[PDB]
Amino acid sequence: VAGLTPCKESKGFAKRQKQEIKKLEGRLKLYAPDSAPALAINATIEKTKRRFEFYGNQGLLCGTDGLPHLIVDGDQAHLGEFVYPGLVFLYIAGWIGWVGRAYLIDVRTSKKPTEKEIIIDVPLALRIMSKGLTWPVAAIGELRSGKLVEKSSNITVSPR
Amino acid sequence: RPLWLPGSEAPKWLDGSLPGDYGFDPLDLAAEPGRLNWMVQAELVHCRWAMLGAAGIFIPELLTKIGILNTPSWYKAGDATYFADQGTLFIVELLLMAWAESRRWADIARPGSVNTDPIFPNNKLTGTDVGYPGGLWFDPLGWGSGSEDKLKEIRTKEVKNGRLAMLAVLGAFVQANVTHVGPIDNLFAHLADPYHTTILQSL
Amino acid sequence: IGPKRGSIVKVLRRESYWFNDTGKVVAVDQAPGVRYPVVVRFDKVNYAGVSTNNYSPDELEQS
Amino acid sequence: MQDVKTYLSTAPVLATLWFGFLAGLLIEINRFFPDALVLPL
Amino acid sequence: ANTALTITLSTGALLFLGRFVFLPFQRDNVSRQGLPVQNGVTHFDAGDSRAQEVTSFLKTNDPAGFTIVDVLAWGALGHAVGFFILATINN
Amino acid sequence: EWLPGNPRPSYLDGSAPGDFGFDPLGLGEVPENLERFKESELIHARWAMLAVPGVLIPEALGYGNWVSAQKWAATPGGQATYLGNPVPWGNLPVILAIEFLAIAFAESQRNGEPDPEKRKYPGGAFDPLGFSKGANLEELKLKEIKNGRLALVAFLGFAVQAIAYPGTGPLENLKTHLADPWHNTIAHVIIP
Amino acid sequence: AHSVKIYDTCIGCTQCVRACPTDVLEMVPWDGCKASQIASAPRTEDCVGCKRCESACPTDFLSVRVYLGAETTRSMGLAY
Ligand SMILES: CC1=C(/C=C/C(C)=C/C=C/C(C)=C/C=C/C=C(C)/C=C/C=C(C)/C=C/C2=C(C)CCCC2(C)C)C(C)(C)CCC1
Ligand code: SF4
């Protein structure tokens, strides 16, 4: 796909694993083998070897630079590069957008609506932050019932 | 009536008429006027597809463990060959699902409209309530009619057996994803060492 | 004159900040010759910081 | 606590407590699950 | 090949379309669209002496109103199609 | 009555032949657009019902499908074999100039009718057998659009079978389907 | 120089005159408000154009309005 070799069989990706441990191994040569800063570089090497063995096992595509490239078209092999964490993101981002929208409706029908935005009512906030879990069923539910959008006759419009 | 949470106020929309009502709408997914008519029809197909799902996931796998059917596992049943192509059987299903669900779609939208036959109109369905198509094709024994207190109990028994099957089928799905073993063998591996075969050990 | 005191009106004046906005009538002047007698109070201020403005009855409808 | 919790519910304190929890969570995700470029699930 | 027959038949086909087929389609559209109009008046009516529609050049003796401009328009398409055909054949 | 129980819209009352109320997107909502759509639905269907015998009957008699009998014009020499016989006047500039003259004279004479009903069904010279001047008139117009929409769906089938399976024709798609019908369906096109 | 225009939305609150630093505006009698007075700009040739009157006008939108036009030595604010 797109002229990119897989990273498990890429010679450039294995070259970057070789020259990263060798950079960290030469950093280890000036420390005692049981010393505290040498345990951090030894944990860095095992973090590096975990990283390169994770990138090759996920079917990542590596170019001529030896670097893993993401295919965001919507490929059946490449769902976890953009499509799977994008749907994970939009669920979380729609959770932020739904509990901030539902908080403003809950404080617009209050005695002092502007004091509830500088001082956020946490019992009112936390009872709808739980309610933002099921938000695609509540956003399209408000879209189908007409409560999501406001009619243009009740919207402040600058003159022509 | 009993509720899902003692000391919690029941919502104003779930008033206790609906069979299976335990005041369980914490996230307010059926608040809106006219919305609880759609969410019962959604619950009824999902509960009946899950009881159809649980009878095809657990019962042929249990009888495979006894060994009187030798049926393959349900998560490997899509790889099994038949007299038809597996891709072909998808589209033949959704042409038949285009008929059966759109007749069901008009019943939710316009109740009392599609109880008559499209071909031979003397054959009419005897169901009166929305979501309960009584007739010779669906209720040949006539168990869907009687007193309203008697009818509420058997409608409560559909959804309580149905919500268990939904949880069941959702359980088999995640069990086959992280353990890759069929769910009757997951039960039999839990009656041997229960404290070592747990969701933390299977991650 | 005016719609009503203490009523909810919507402003039809194009150059106001509160165009298509809900406002509360606090005073209508019944003296003749006044061009903009209806005094409408708004919950939100404009850029000048005021919420009190005078409109004609032709620039308001009851909502 | 009729006014101490009101101060604790203000916009800068609740932004500090949420983003302290938010960056506290995302750092602790990045310890046990580091170098995460592809979501496997 | 056959330049003298391909060009003549293709010009004669488009002139047959211009006189007997598309002449009610063209005469209706030059009356519905009319003269070009700026600000409610014609360009000649607004003061442009060079925008006057010529009538001596448009004075036709054809009974259907088919003038020499329509000869120069439909016959131009018959040569455009006729040299489309000759270039496609000679390839 | 394209959906039992569905409310038919106000611009589709049922008095039209074939008025089954099928307009979910509301394309015929404009009244003057809807009068053009009724004379467009019938010319299309009548060309489609002149096309289904023009596809199957050349294929069933063995002179190829409607694609391989059409590729001769792109070839410099194809000789225009009709019923197994090459016509002498079958050149691409010859048969296109006749088609851009004869059909264009037919379509310009068709568009010249001011009546919005004689544009639909003209009669007279186009009805020499006198079935329009008979006892049944409404059900034959319902027969026109039910047969016409079937051939309109058929020509849509005809076209997308050639895109999905190039080099094969609709009776050859029928012969492929008649051998092993549970393996070779639209799912071969949907699922590659 | 500058053209200062008063519109009929004025309530006669007088603060456009009080904010004026070059004595352009004055309050004349009027019949279109509760205060029975409207502003006017007779000495509009003395207007610097600072729009302090527009900053002090509580009417939405503004009743006093200053349009910056041809600028002379009055409206440039020079002492040399
Ligand atoms: C029948 C008749 C008649 C006659 C007529 C005639 C004879 C006509 C002719 C006509 C003609 C004779 C015409 C022509 C025309 C032509 C033209 C008009 C041309 C043009 C051309 C063009 C323009 C072209 C172009 C081009 C070029 C140049 C180059 C490049 C390419 C192209 C091709 C594009 C009469 C009157 C007696 C009457 C009676 C009847
Ligand atoms: S400040 Fe504005 S409202 Fe007040 S008197 Fe001057 S012009 Fe009128």
# chains A, B, ... in the order shown; residues from 1 in each chain; ligands from 1

call {"tool": "residues_near_ligand", "arguments": {"ligand": "ligand 1", "cutoff": "9 Å", "atoms": "only C-alpha atoms and all ligand atoms", "output": "ChimeraX atom specification"}}
result
/E:8,11-12,15,61-62,68-84

call {"tool": "write_last_selection", "arguments": {"atoms": "N, CA and C atoms", "output": "PDB file, in the first residue's frame"}}
result
ATOM      1  N   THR E   8     -19.891  19.172 -47.636  1.00  0.00           N
ATOM      2  CA  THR E   8     -21.170  19.588 -48.209  1.00  0.00           C
ATOM      3  C   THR E   8     -22.350  18.898 -47.526  1.00  0.00           C
ATOM      4  N   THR E  11     -22.510  20.299 -43.773  1.00  0.00           N
ATOM      5  CA  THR E  11     -23.076  21.644 -43.749  1.00  0.00           C
ATOM      6  C   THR E  11     -24.552  21.613 -44.120  1.00  0.00           C
ATOM      7  N   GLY E  12     -24.918  20.765 -45.084  1.00  0.00           N
ATOM      8  CA  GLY E  12     -26.311  20.640 -45.469  1.00  0.00           C
ATOM      9  C   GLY E  12     -27.166  19.949 -44.427  1.00  0.00           C
ATOM     10  N   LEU E  15     -27.673  22.767 -41.759  1.00  0.00           N
ATOM     11  CA  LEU E  15     -28.585  23.768 -42.298  1.00  0.00           C
ATOM     12  C   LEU E  15     -29.999  23.223 -42.443  1.00  0.00           C
ATOM     13  N   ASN E  61     -35.584  37.077 -47.098  1.00  0.00           N
ATOM     14  CA  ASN E  61     -36.713  36.738 -47.949  1.00  0.00           C
ATOM     15  C   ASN E  61     -37.194  35.312 -47.729  1.00  0.00           C
ATOM     16  N   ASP E  62     -36.601  34.597 -46.779  1.00  0.00           N
ATOM     17  CA  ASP E  62     -37.059  33.262 -46.435  1.00  0.00           C
ATOM     18  C   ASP E  62     -38.404  33.350 -45.717  1.00  0.00           C
ATOM     19  N   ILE E  68     -29.327  35.347 -43.242  1.00  0.00           N
ATOM     20  CA  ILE E  68     -27.945  35.058 -43.615  1.00  0.00           C
ATOM     21  C   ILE E  68     -27.039  34.955 -42.392  1.00  0.00           C
ATOM     22  N   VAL E  69     -27.457  35.497 -41.244  1.00  0.00           N
ATOM     23  CA  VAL E  69     -26.718  35.266 -40.009  1.00  0.00           C
ATOM     24  C   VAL E  69     -26.901  33.827 -39.553  1.00  0.00           C
ATOM     25  N   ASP E  70     -28.120  33.297 -39.690  1.00  0.00           N
ATOM     26  CA  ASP E  70     -28.368  31.889 -39.401  1.00  0.00           C
ATOM     27  C   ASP E  70     -27.697  30.970 -40.417  1.00  0.00           C
ATOM     28  N   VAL E  71     -27.501  31.443 -41.652  1.00  0.00           N
ATOM     29  CA  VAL E  71     -26.644  30.738 -42.607  1.00  0.00           C
ATOM     30  C   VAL E  71     -25.209  30.711 -42.099  1.00  0.00           C
ATOM     31  N   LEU E  72     -24.726  31.848 -41.599  1.00  0.00           N
ATOM     32  CA  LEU E  72     -23.369  31.957 -41.082  1.00  0.00           C
ATOM     33  C   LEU E  72     -23.201  31.328 -39.705  1.00  0.00           C
ATOM     34  N   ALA E  73     -24.289  30.938 -39.042  1.00  0.00           N
ATOM     35  CA  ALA E  73     -24.227  30.285 -37.740  1.00  0.00           C
ATOM     36  C   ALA E  73     -24.404  28.776 -37.840  1.00  0.00           C
ATOM     37  N   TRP E  74     -25.478  28.329 -38.496  1.00  0.00           N
ATOM     38  CA  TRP E  74     -25.716  26.902 -38.678  1.00  0.00           C
ATOM     39  C   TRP E  74     -24.758  26.288 -39.691  1.00  0.00           C
ATOM     40  N   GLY E  75     -24.355  27.052 -40.708  1.00  0.00           N
ATOM     41  CA  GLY E  75     -23.345  26.566 -41.630  1.00  0.00           C
ATOM     42  C   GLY E  75     -21.957  26.522 -41.027  1.00  0.00           C
ATOM     43  N   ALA E  76     -21.702  27.353 -40.013  1.00  0.00           N
ATOM     44  CA  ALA E  76     -20.434  27.284 -39.298  1.00  0.00           C
ATOM     45  C   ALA E  76     -20.353  26.038 -38.430  1.00  0.00           C
ATOM     46  N   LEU E  77     -21.481  25.614 -37.859  1.00  0.00           N
ATOM     47  CA  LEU E  77     -21.514  24.353 -37.129  1.00  0.00           C
ATOM     48  C   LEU E  77     -21.402  23.164 -38.070  1.00  0.00           C
ATOM     49  N   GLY E  78     -21.923  23.293 -39.293  1.00  0.00           N
ATOM     50  CA  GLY E  78     -21.793  22.225 -40.268  1.00  0.00           C
ATOM     51  C   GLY E  78     -20.383  22.048 -40.791  1.00  0.00           C
ATOM     52  N   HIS E  79     -19.576  23.106 -40.746  1.00  0.00           N
ATOM     53  CA  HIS E  79     -18.160  22.979 -41.056  1.00  0.00           C
ATOM     54  C   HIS E  79     -17.342  22.556 -39.847  1.00  0.00           C
ATOM     55  N   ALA E  80     -17.782  22.922 -38.641  1.00  0.00           N
ATOM     56  CA  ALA E  80     -17.122  22.442 -37.432  1.00  0.00           C
ATOM     57  C   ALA E  80     -17.353  20.950 -37.237  1.00  0.00           C
ATOM     58  N   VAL E  81     -18.579  20.482 -37.486  1.00  0.00           N
ATOM     59  CA  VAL E  81     -18.857  19.049 -37.479  1.00  0.00           C
ATOM     60  C   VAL E  81     -18.205  18.381 -38.687  1.00  0.00           C
ATOM     61  N   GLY E  82     -18.226  19.057 -39.841  1.00  0.00           N
ATOM     62  CA  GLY E  82     -17.644  18.503 -41.055  1.00  0.00           C
ATOM     63  C   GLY E  82     -16.138  18.342 -41.007  1.00  0.00           C
ATOM     64  N   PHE E  83     -15.444  19.233 -40.305  1.00  0.00           N
ATOM     65  CA  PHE E  83     -14.017  19.059 -40.081  1.00  0.00           C
ATOM     66  C   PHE E  83     -13.714  18.241 -38.834  1.00  0.00           C
ATOM     67  N   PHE E  84     -14.700  18.037 -37.956  1.00  0.00           N
ATOM     68  CA  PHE E  84     -14.575  17.004 -36.934  1.00  0.00           C
ATOM     69  C   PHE E  84     -14.622  15.619 -37.564  1.00  0.00           C
TER      70      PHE E  84
END

call {"tool": "residues_around", "arguments": {"residues": "residue 37 (chain D)", "least_positions_apart": "5", "cutoff": "10 Å", "atoms": "only C-alpha atoms", "output": "list in words"}}
result
residues 51, 54, 55, 58, 60, 68, 70, 80, 81, 82 and 85 of chain A

call {"tool": "write_last_selection", "arguments": {"atoms": "N, CA and C atoms", "output": "compact mmCIF listing (two decimals), in the first residue's frame"}}
result
# COMPACT_ATOMS: atom_id res chain seq x y z
N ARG A 51 8.95 -0.70 22.17
CA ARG A 51 8.32 0.17 21.19
C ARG A 51 8.48 -0.37 19.77
N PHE A 54 6.42 -3.40 19.17
CA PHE A 54 4.99 -3.09 19.10
C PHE A 54 4.61 -2.51 17.75
N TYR A 55 5.51 -1.73 17.14
CA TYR A 55 5.20 -1.10 15.86
C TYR A 55 5.21 -2.12 14.72
N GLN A 58 1.86 -4.50 14.71
CA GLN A 58 0.57 -3.90 14.40
C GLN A 58 0.34 -3.72 12.90
N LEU A 60 2.25 -1.92 10.82
CA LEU A 60 2.57 -0.57 10.38
C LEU A 60 3.38 -0.59 9.09
N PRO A 68 7.55 4.67 10.59
CA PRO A 68 6.19 4.12 10.40
C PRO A 68 5.24 5.20 9.90
N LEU A 70 1.31 6.32 8.55
CA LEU A 70 -0.08 6.01 8.83
C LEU A 70 -0.90 6.16 7.56
N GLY A 80 -6.60 0.87 13.06
CA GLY A 80 -6.13 1.45 14.30
C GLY A 80 -5.19 2.62 14.17
N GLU A 81 -4.87 3.03 12.94
CA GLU A 81 -4.04 4.21 12.77
C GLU A 81 -4.88 5.47 12.83
N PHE A 82 -6.01 5.49 12.12
CA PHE A 82 -6.86 6.68 12.14
C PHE A 82 -8.31 6.40 12.48
N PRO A 85 -8.81 4.88 16.50
CA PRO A 85 -8.67 5.94 17.52
C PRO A 85 -9.35 7.24 17.17

call {"tool": "interface_residues", "arguments": {"of": "chain G", "to": "chain C", "cutoff": "12 Å", "atoms": "only C-alpha atoms", "output": "list in words"}}
result
residues 7, 8, 9, 10, 11, 12, 30, 31, 32, 33, 34, 35, 36, 37, 38, 54, 55, 56, 57, 58, 59, 60, 61, 62 and 63 of chain G

call {"tool": "select_by_dssp", "arguments": {"residues": "region 3-56 of chain C", "states": "strand (DSSP E)", "output": "ChimeraX atom specification"}}
result
/C:8-11,22-28,38-41,52-55

call {"tool": "write_last_selection", "arguments": {"atoms": "N, CA, C and O atoms", "output": "compact mmCIF listing (two decimals), in the first residue's frame"}}
result
# COMPACT_ATOMS: atom_id res chain seq x y z
N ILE C 8 -43.13 39.66 27.30
CA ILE C 8 -41.97 39.19 26.56
C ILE C 8 -42.15 39.60 25.10
O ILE C 8 -43.16 39.26 24.47
N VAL C 9 -41.18 40.35 24.57
CA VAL C 9 -41.21 40.81 23.19
C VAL C 9 -39.91 40.41 22.49
O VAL C 9 -38.89 40.13 23.13
N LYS C 10 -39.97 40.37 21.17
CA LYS C 10 -38.82 40.09 20.32
C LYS C 10 -38.55 41.30 19.44
O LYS C 10 -39.48 41.82 18.81
N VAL C 11 -37.30 41.74 19.40
CA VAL C 11 -36.94 42.97 18.72
C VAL C 11 -36.78 42.71 17.23
O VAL C 11 -36.08 41.78 16.82
N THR C 22 -35.03 37.75 23.14
CA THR C 22 -36.13 37.86 24.09
C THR C 22 -35.85 39.00 25.07
O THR C 22 -34.80 39.03 25.72
N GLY C 23 -36.79 39.93 25.18
CA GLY C 23 -36.67 41.03 26.10
C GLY C 23 -37.95 41.23 26.89
O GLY C 23 -39.03 40.81 26.49
N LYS C 24 -37.80 41.90 28.03
CA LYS C 24 -38.90 42.15 28.96
C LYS C 24 -39.22 43.64 28.97
O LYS C 24 -38.33 44.47 29.22
N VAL C 25 -40.47 43.98 28.71
CA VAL C 25 -40.92 45.37 28.69
C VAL C 25 -41.08 45.86 30.12
O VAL C 25 -41.76 45.23 30.93
N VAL C 26 -40.43 46.98 30.44
CA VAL C 26 -40.54 47.56 31.77
C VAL C 26 -41.32 48.87 31.79
O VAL C 26 -41.87 49.22 32.85
N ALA C 27 -41.41 49.59 30.68
CA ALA C 27 -42.11 50.87 30.65
C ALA C 27 -42.56 51.17 29.23
O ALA C 27 -41.78 50.99 28.29
N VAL C 28 -43.80 51.61 29.08
CA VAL C 28 -44.31 52.15 27.82
C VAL C 28 -44.79 53.57 28.10
O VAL C 28 -45.61 53.79 29.00
N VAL C 38 -41.60 52.25 24.06
CA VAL C 38 -41.52 50.98 24.78
C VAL C 38 -40.09 50.76 25.25
O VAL C 38 -39.17 50.67 24.45
N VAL C 39 -39.92 50.68 26.57
CA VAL C 39 -38.62 50.44 27.18
C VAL C 39 -38.51 48.96 27.48
O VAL C 39 -39.31 48.41 28.26
N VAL C 40 -37.53 48.30 26.88
CA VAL C 40 -37.36 46.85 26.97
C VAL C 40 -36.06 46.56 27.70
O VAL C 40 -35.00 47.08 27.33
N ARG C 41 -36.14 45.73 28.74
CA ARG C 41 -34.98 45.31 29.51
C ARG C 41 -34.57 43.91 29.07
O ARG C 41 -35.41 43.03 28.87
N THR C 52 -30.80 48.53 28.77
CA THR C 52 -32.04 49.28 28.64
C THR C 52 -32.03 50.03 27.32
O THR C 52 -31.09 50.79 27.04
N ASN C 53 -33.06 49.82 26.50
CA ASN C 53 -33.13 50.49 25.21
C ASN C 53 -34.59 50.77 24.91
O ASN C 53 -35.48 50.03 25.35
N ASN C 54 -34.84 51.83 24.15
CA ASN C 54 -36.19 52.22 23.75
C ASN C 54 -36.47 51.86 22.30
O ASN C 54 -35.70 52.21 21.40
N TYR C 55 -37.59 51.16 22.07
CA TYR C 55 -38.04 50.75 20.75
C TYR C 55 -39.48 51.18 20.52
O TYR C 55 -40.26 51.34 21.46

call {"tool": "closest_residue", "arguments": {"among": "G:13, G:79, G:24, G:66", "to": "residue 46 (chain G)", "atoms": "only C-alpha atoms"}}
result
G:24

call {"tool": "closest_residue", "arguments": {"among": "A:109, A:130, A:48, A:13", "to": "chain C", "atoms": "only C-alpha atoms"}}
result
A:109

call {"tool": "residues_around", "arguments": {"residues": "region 30-41 of chain E", "least_positions_apart": "6", "cutoff": "10 Å", "atoms": "only C-alpha atoms", "output": "PyMOL selection string"}}
result
chain E and resi 47+51+53

call {"tool": "write_last_selection", "arguments": {"atoms": "C-alpha atoms", "output": "mmCIF file, in the first residue's frame"}}
result
data_model
loop_
_atom_site.group_PDB
_atom_site.id
_atom_site.type_symbol
_atom_site.label_atom_id
_atom_site.label_comp_id
_atom_site.auth_asym_id
_atom_site.auth_seq_id
_atom_site.Cartn_x
_atom_site.Cartn_y
_atom_site.Cartn_z
ATOM 1 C CA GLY E 47 -26.939 55.465 -26.003
ATOM 2 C CA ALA E 51 -24.948 48.324 -30.401
ATOM 3 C CA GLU E 53 -29.070 45.620 -34.317
#

call {"tool": "atom_distance", "arguments": {"atom1": "CA of residue 174 (chain F)", "atom2": "CA of residue 85 (chain F)"}}
result
26.6 Å

call {"tool": "atom_distance", "arguments": {"atom1": "CA of residue 86 (chain E)", "atom2": "CA of residue 94 (chain F)"}}
result
12.3 Å

call {"tool": "residues_around", "arguments": {"residues": "residue 21 (chain E)", "least_positions_apart": "4", "cutoff": "9 Å", "atoms": "only C-alpha atoms", "output": "ChimeraX atom specification"}}
result
/E:16-17,25 /F:101,104-106,108-109

call {"tool": "write_last_selection", "arguments": {"atoms": "C-alpha atoms", "output": "PDB file, in the first residue's frame"}}
result
ATOM      1  CA  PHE E  16     -31.463  21.287 -42.594  1.00  0.00           C
ATOM      2  CA  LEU E  17     -31.553  21.235 -38.789  1.00  0.00           C
ATOM      3  CA  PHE E  25     -36.388  26.409 -31.108  1.00  0.00           C
TER       4      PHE E  25
ATOM      5  CA  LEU F 101     -31.330  14.349 -38.098  1.00  0.00           C
ATOM      6  CA  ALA F 104     -33.872  15.398 -33.696  1.00  0.00           C
ATOM      7  CA  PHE F 105     -36.752  15.952 -36.115  1.00  0.00           C
ATOM      8  CA  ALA F 106     -38.811  13.478 -34.077  1.00  0.00           C
ATOM      9  CA  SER F 108     -38.515  18.637 -31.939  1.00  0.00           C
ATOM     10  CA  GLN F 109     -41.931  17.655 -33.296  1.00  0.00           C
TER      11      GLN F 109
END

call {"tool": "interface_residues", "arguments": {"of": "chain D", "to": "chain A", "cutoff": "12 Å", "atoms": "only C-alpha atoms", "output": "list in words"}}
result
residues 3, 4, 5, 6, 7, 8, 9, 10, 11, 12, 13, 14, 15, 18, 30, 31, 32, 33, 34, 35, 36, 37, 38, 39, 40 and 41 of chain D

call {"tool": "write_last_selection", "arguments": {"atoms": "C-alpha atoms", "output": "JSON list (two decimals), in the first residue's frame"}}
result
[["chain", "number", "residue", "atom", "x", "y", "z"],
["D", 3, "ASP", "CA", -18.33, 29.59, 50.56],
["D", 4, "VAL", "CA", -15.14, 27.48, 50.70],
["D", 5, "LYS", "CA", -16.60, 24.96, 48.27],
["D", 6, "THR", "CA", -17.90, 27.90, 46.22],
["D", 7, "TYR", "CA", -14.29, 29.09, 45.83],
["D", 8, "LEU", "CA", -13.26, 25.50, 45.04],
["D", 9, "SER", "CA", -15.99, 25.47, 42.35],
["D", 10, "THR", "CA", -14.64, 28.56, 40.59],
["D", 11, "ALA", "CA", -13.35, 28.50, 37.02],
["D", 12, "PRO", "CA", -9.54, 28.56, 37.70],
["D", 13, "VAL", "CA", -9.63, 26.02, 40.55],
["D", 14, "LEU", "CA", -11.86, 23.60, 38.65],
["D", 15, "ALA", "CA", -9.64, 24.00, 35.59],
["D", 18, "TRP", "CA", -9.63, 18.85, 36.13],
["D", 30, "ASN", "CA", 1.69, 6.95, 29.05],
["D", 31, "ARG", "CA", 3.58, 4.98, 31.73],
["D", 32, "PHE", "CA", 1.86, 1.59, 31.59],
["D", 33, "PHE", "CA", 1.04, 2.02, 27.87],
["D", 34, "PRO", "CA", 3.85, 4.13, 26.37],
["D", 35, "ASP", "CA", 4.82, 4.87, 22.74],
["D", 36, "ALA", "CA", 1.23, 4.30, 21.62],
["D", 37, "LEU", "CA", 0.92, 5.18, 17.93],
["D", 38, "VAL", "CA", -1.70, 2.61, 16.85],
["D", 39, "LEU", "CA", -4.82, 1.66, 18.80],
["D", 40, "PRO", "CA", -4.89, -2.17, 18.69],
["D", 41, "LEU", "CA", -8.55, -2.56, 19.65]]

call {"tool": "residues_around", "arguments": {"residues": "residue 4 (chain G)", "least_positions_apart": "3", "cutoff": "9 Å", "atoms": "only C-alpha atoms", "output": "NGL selection string"}}
result
:G and (24-25 or 40-41 or 44 or 47 or 49 or 64-68)
